[PDB]
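Every read-out reported here was derived from the displayed coordinates using simple, explicitly stated rules and does not represent laboratory data. Every residue, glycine as well, gets a Cβ built from its backbone with ideal geometry; the counts of neighbours run over all protein chains shown.
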Amino acid sequence: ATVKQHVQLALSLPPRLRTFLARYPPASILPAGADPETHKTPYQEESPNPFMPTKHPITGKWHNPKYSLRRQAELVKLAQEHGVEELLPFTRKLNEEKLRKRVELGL
Amino acid sequence: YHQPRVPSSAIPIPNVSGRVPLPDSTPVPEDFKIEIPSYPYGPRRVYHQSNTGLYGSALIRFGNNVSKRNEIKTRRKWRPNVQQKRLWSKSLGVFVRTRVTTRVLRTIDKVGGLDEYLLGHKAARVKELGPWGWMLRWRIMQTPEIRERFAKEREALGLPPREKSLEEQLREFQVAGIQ
Amino acid sequence: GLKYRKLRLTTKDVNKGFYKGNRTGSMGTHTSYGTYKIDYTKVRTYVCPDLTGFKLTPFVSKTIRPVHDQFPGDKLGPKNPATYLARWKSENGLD
Amino acid sequence: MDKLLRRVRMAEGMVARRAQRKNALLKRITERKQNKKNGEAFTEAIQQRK
Amino acid sequence: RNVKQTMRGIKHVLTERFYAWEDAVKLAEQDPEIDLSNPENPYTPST
Amino acid sequence: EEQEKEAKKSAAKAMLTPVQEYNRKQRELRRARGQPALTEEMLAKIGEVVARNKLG
Amino acid sequence: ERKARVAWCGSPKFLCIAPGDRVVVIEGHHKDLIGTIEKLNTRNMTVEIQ
RNA sequence: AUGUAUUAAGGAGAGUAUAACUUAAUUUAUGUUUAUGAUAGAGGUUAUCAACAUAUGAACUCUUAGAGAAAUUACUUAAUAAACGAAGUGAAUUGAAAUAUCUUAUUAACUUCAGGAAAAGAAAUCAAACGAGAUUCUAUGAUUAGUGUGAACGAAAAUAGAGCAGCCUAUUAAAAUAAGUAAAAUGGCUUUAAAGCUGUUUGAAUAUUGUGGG
Ligand SMILES: [K+]
Ligand SMILES: [K+]
Ligand SMILES: [K+]
Ligand SMILES: [Mg+2]
Ligand SMILES: [Mg+2]
Ligand SMILES: [Mg+2]
Ligand SMILES: [Mg+2]
Ligand SMILES: [Mg+2]
Ligand SMILES: [Mg+2]
Ligand SMILES: [Mg+2]
Ligand SMILES: [Mg+2]
Ligand SMILES: [Mg+2]
Ligand SMILES: [Mg+2]
């Protein structure tokens, strides 16, 4: 019963969130004995972290991040409303990264 | 312009208007035309002089003439440094005569020649070519050099090898005329 | 000239080479010396059949009341290509 | 063809829009002529009442 | 006016027959009981 | 008349450069992969995160 | 007006009075007169009593 | 006049049942309900004494093949106004109680191109040490900051409302992440000196392990 309720919470998220998690699933939600490097998603193979830029091996050019800094802030703000901020990859817009950087270094 | 005669190719360098008139010697079937693909960005609605040369992005610009003391404004114009040079094309092997600006002459030396200036695939260059630059781009694509160069770049990109070329159709009309 | 000048110009008003036809059809071609050669392939003839013995007149007696056709249940009653082909088989099978 | 039908539909609307402007103008001219013809019956009755 | 209504009716029935026959031909091409190829015997009553 | 326009609009496909043809060819292949799906096991693990960060 | 004149007997297209039936006048100088309808003008909705 | 909804090429010539509209100028059929409707008769010219819904025949000439003195010739199953939109070029009346900078005014107008809308659009954006999160429309912010001798001109952040949508695997097929480019000098535009647009002459760098713009 509890598992059926968990599946009803994941299917209640907005389509914008469910779409992102599908193509960039973190190791946390992958199977228990899963290996992070194996069964990678076709999107993950292009870039492990979509929010970070990715120098192309053949062309030696820094491809712009898949999600711009504006859109990274809309994912962090939309994920924090449904308590799914733990699944997004490292982002400078993360509320914990913003706070950690200040306390660590300061003004 | 008055373009030279391509050494080994019947096809002539296209006319400034886009037409490709074939000589009377070359036998041509009934109602056969050589059509160049339309220019993606279309002609230039102002300064039509730039539709017949390699002007890059330079147009005729209008401004004011400001007096020294009272600073009174009078309308004037700024014209690009348009010249007429004979640019060499390794693919064709002749001197393509065209009206080109001085800023585009520095772009031809920077990229390594006219052929390298016409084969650019970036969006900012196809806009700088213009209708006349898009006709020369189509012409060099018919040469065997560029055809043999593009076929070699498809083997490095893992593309299947790539029907009849335009120079073969004209070659098949000279043999059919004698039959 | 005040008002008549503003009407549509006709051939019964001016003569200095102004020509305008009545859409009577081209029956030939013009020659180089001002004559006309009638092409009888363009001339039209009227096919009137023999009316001797024909009993139908353009009127029907008012005793016979006007009645339409029912074609019950067939939306395209009079234009149904099925009732024209099926009706053909029974009546005229050869042609 | 689907593009040949739009041509017809467009023609059927252009003619019906012109037939309404003509019919309307005729309904107003015919009405204005009857009202003036009936008024002669109203005037005779008004003249006989006085 | 009555002579013009008979002339109009003649043009309505002839236009109706041309279109009805122009469609029966098409409908008769997909019929298994009609063979438009041979005109001598183009119809065979189904069993 | 339209078939002669779609062939005239796409008449510039014979003047494409190798990199222009490679990009387009890859685009067709990618659009066939589709979008990945979230299995019930993955959805069950996401529901735990939501309930843990909302109710406790 | 035709709908008002026929308001008491159906409508201009469903008239419920026919020639040959006796009627009684209820207006004018000759009120309470009784006669038989001879004609029935359906254009002006007027009736002739001989 | 405003609002709502729907729609996205317009006019003329001649002819014709003078409510009826195209030389067929009052075509021919279906279904339903018919006074408890809808909103046990007479009547085909002494007509259309039936509305709604769905089909259907016909629909001339010119604008509008070519030529020409539009509605003709000659041929043929030849066919698309205005306003609205973007860019280019760009005044003057007027105010300054004269007048040159300025204002009038990124105006009127013209020119090209395009669609039922167009344009714009998912930050090399704004903010200020907290953060916001594409574009468009309306008001406030604002006779404000500011500019200018003056007369006048005049933002943005933010707030509220209308709409809301994000993406590159774009729901219609596009990038191997952008070089004669960013930028500099100089001549102009815009403007507050920045940012932005630009003719001439020149001319970079390669990602928060701090490269590039603001
Ligand atoms: K003064
Ligand atoms: K001030
Ligand atoms: K500047
Ligand atoms: Mg005379
Ligand atoms: Mg005379
Ligand atoms: Mg003459
Ligand atoms: Mg013409
Ligand atoms: Mg014509
Ligand atoms: Mg405002
Ligand atoms: Mg970039
Ligand atoms: Mg610049
Ligand atoms: Mg700066
Ligand atoms: Mg800059």
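Of note, C:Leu7 does not satisfy the criterion of being within 29 Å of E:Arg17 (Cα to Cα) and either over 31 Å from the mean Cα position of the chain (by Cα) or within 14 Å of chain E (Cβ to nearest Cβ) (or both).
The residues listed here are C:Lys62, C:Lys20, C:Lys42, C:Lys3; of these, the one that is within 16 Å of ligand 4 (Cβ to nearest atom) and either more than 30 Å from E:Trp21 (Cβ to Cβ) or surrounded by 10 or more Cβ atoms within 10 Å (Cβ to Cβ) (or both) is C:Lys20.
Screening F:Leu16 against (1) within 14 Å of chain A (Cβ to nearest Cβ); (2) assigned to a loop (DSSP other than H, G, I, E, B); (3) not basic (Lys, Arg) leaves a single unmet condition, (1). Only one entry of C:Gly93, C:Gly28 meets the criterion of being within 30 Å of E:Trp21 (Cα to Cα), surrounded by 10 or more Cβ atoms within 10 Å (Cβ to Cβ) and touching a strand residue (DSSP E or B) at 6+ places or on another chain (Cβ under 7 Å), and that entry is C:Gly93.
In the range A:14-27, the residue that is surrounded by the most Cβ atoms within 10 Å (Cβ to Cβ) out of those that are facing another protein chain (nearest Cβ under 9 Å) and not small (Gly, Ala, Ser) is A:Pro25. Within the range E:18-47, can you find the residues that are assigned to a helix (DSSP H, G or I) and facing chain C (nearest Cβ under 8 Å)? Correct list: E:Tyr19, E:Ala20, E:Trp21, E:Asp23, E:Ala24, E:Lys26, E:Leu27, E:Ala28.
Given the criterion closer than 28 Å to F:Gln26 by Cβ, of a type in the set (A, V, I, L, M) and at the interface with chain F (Cβ under 8 Å from one of its Cβ atoms), identify the matching residue among A:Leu69, A:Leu30, A:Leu11. Reasoning before the result, please.
Values: A:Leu69 fails: at the interface with chain F (Cβ under 8 Å from one of its Cβ atoms); A:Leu11 fails: closer than 28 Å to F:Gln26 by Cβ.
Sole residue among the options that is closer than 28 Å to F:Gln26 by Cβ, of a type in the set (A, V, I, L, M) and at the interface with chain F (Cβ under 8 Å from one of its Cβ atoms): A:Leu30.
This table checks each residue for (1) in a strand (DSSP E or B); (2) of a type in the set (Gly, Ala, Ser); (3) loosely packed, with under 10 Cβ neighbours inside 10 Å.
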position: G:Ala4; (1), (2), (3): no, yes, yes
position: G:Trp8; (1), (2), (3): no, no, yes
position: G:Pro12; (1), (2), (3): no, no, no
position: G:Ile17; (1), (2), (3): no, no, no
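Number of residues in the range B:10-56 that are hydroxyl-bearing (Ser, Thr, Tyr) and either outside any loop (DSSP other than H, G, I, E, B) or surrounded by 18 or more Cβ atoms within 10 Å (Cβ to Cβ) (or both) equals 4. Number of residues in the range C:1-58 that are closer than 30 Å to E:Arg1 by Cβ, near RNA strand H (Cβ under 8 Å from one of its atoms) and of a type in the set (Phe, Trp, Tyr): the value is 0.
Cβ-Cβ distances below 8 Å connect the following pairs, each with a first residue in the range A:89-107 that is aromatic (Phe, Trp, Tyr), a second residue that is assigned to a helix (DSSP H, G or I), and a separation of six or more residues or different chains: A:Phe90/A:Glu97. Among residues of the range C:44-71 that are under 28 Å from C:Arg87 (Cβ atoms), those with a Cβ under 9 angstrom from a residue that is among the hydroxyl-bearing types (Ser, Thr, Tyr) and away from ligand 5 (no atom under 16 Å from the Cβ), sequence gap 6+ or separate chain, pair up as C:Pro58/E:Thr6; C:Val60/E:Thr6; C:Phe71/C:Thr83. Among the residues of the range D:11-44, the one identified as within 19 Å of G:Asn44 (Cα to Cα), of a type in the set (A, V, I, L, M, F, W, C) and surrounded by 10 or more Cβ atoms within 10 Å (Cβ to Cβ) is D:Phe42.
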